Amino acid sequence: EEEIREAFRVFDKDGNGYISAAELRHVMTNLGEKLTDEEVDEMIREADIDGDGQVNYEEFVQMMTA
Ligand SMILES: CN1CCN(CCCN2c3ccccc3Sc3ccc(C(F)(F)F)cc32)CC1
Ligand SMILES: CN1CCN(CCCN2c3ccccc3Sc3ccc(C(F)(F)F)cc32)CC1
Ligand SMILES: O=C([O-])C(=O)[O-]
Ligand SMILES: [Ca+2]
Ligand SMILES: [Ca+2]
Ligand SMILES: [Cl-]
């Protein structure tokens, strides 16, 4: 799905292949959804299968399609 690859690029602000909690928080704020660190940390932990504290593309697709 190409829409999913685009949405990943949107969230991965610095393009380094990982969505950090700070990127996620800033994007949600751009969308008008103001979230706390505790909140975006929890969303990340739910998707973070390899436990590195970030969401890579492999993790992102699993989350978006399961
Ligand atoms: C794709 N994305 C994933 C999950 N869902 C909704 C989750 C949050 N959501 C929400 C929560 C409670 C009641 C209504 C809505 S709709 C909505 C609209 C915009 C956003 C905004 F602006 F924050 F993105 C978030 C949401 C649909 C949107
Ligand atoms: C179940 N189905 C797929 C999953 N969810 C989205 C859950 C969290 N999600 C979210 C929630 C509210 C509004 C937008 C988004 S998009 C998004 C982007 C990255 C992550 C990150 F970085 F944490 F993975 C999690 C999310 C919506 C519907
Ligand atoms: O931002 C908040 O406080 C929330 O979503 O509960
Ligand atoms: Ca990044
Ligand atoms: Ca990870
Ligand atoms: Cl804070």
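Residues numbered from 1 in each chain as written, not as in the entry; some residues may be left out. Chains lettered and ligands numbered in written order. Heavy atoms only, no water.

- Structure determination for this PDB entry is given in the record as X-ray crystallography, at a resolution of 2.000 Å.

- The name given to the protein chain in the PDB entry is Calmodulin, with Rattus norvegicus as the source organism.
- Here the PDB entry title reads "TFP bound in alternate orientations to calcium-saturated Calmodulin C-Domains".

1. What about the coordination of the calcium ion (ligand 5)?
Link 1 in the chain: Here the calcium ion (ligand 5) is held by the protein donor atoms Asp 48 (OD), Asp 50 (OD), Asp 52 (OD), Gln 54 (O), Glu 59 (OE) and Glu 59 (OE), which lie 2.2 to 2.5 Å from it.
Link 2 in the chain: All donor residues of the calcium ion (ligand 5) come from one chain, and their arrangement in sequence is D-x1-D-x1-D-x1-Q-x4-E.
Link 3 in the chain: On the basis of relative accessibility, which here comes to 3%, the residue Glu 59 falls in the buried class. (Donors = N, O, S within 2.8 Å, 3.2 Å for Na, K, Ca; no water. Buried < 20%, exposed > 50% of the residue type's maximum accessible area, 1.4 Å probe, protein only.)

2. Thoughts on the coordination of the calcium ion (ligand 4)
Think of it this way: four donors in a tetrahedron around the metal ideally sit 109.5 degrees apart, and six in an octahedron ideally sit 90 or 180 degrees apart.
Link 1 in the chain: Protein coordination at the calcium ion (ligand 4): the donors are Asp 12 (OD), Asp 14 (OD), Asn 16 (OD1), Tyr 18 (O), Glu 23 (OE) and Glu 23 (OE), at 2.2 to 2.5 Å from the metal.
Link 2 in the chain: Taken together, the 6 donor atoms coordinating the calcium ion (ligand 4) and their angles of 52 to 156 degrees define a geometry best described as irregular.
Link 3 in the chain: When the donors of the calcium ion (ligand 4) are listed by position in the chain, the intervening gaps give D-x1-D-x1-N-x1-Y-x4-E.
Link 4 in the chain: Classification of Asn 16 as partly exposed rests on a relative accessible area of 40%. (Tetrahedral: all angles 85-135°; square planar, octahedral: opposite > 155°, others 65-115°.)

3. Structural notes on the packing of aromatic side chains
Link 1 in the chain: With the rule as written, the count across this model stands at 3 aromatic pairs.
Link 2 in the chain: With 5.7 Å between their ring centres and 90 degrees between their planes, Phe 8 and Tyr 57 make a pair best called edge-to-face. Placement of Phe 8 in helix α1 (residues 2-11) and of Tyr 57 in helix α4 (residues 57-65) is noted, with a sequence separation of 49 residues between them.
Link 3 in the chain: Its relative accessible area of 8% is what places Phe 8 among the buried residues. (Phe/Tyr/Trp six-rings, centres within 6.5 Å; stacked < 30°, edge-to-face > 60°. Helix = DSSP H or I, 4+ residues; strand = E, 2+ residues; numbered from the N terminus.)

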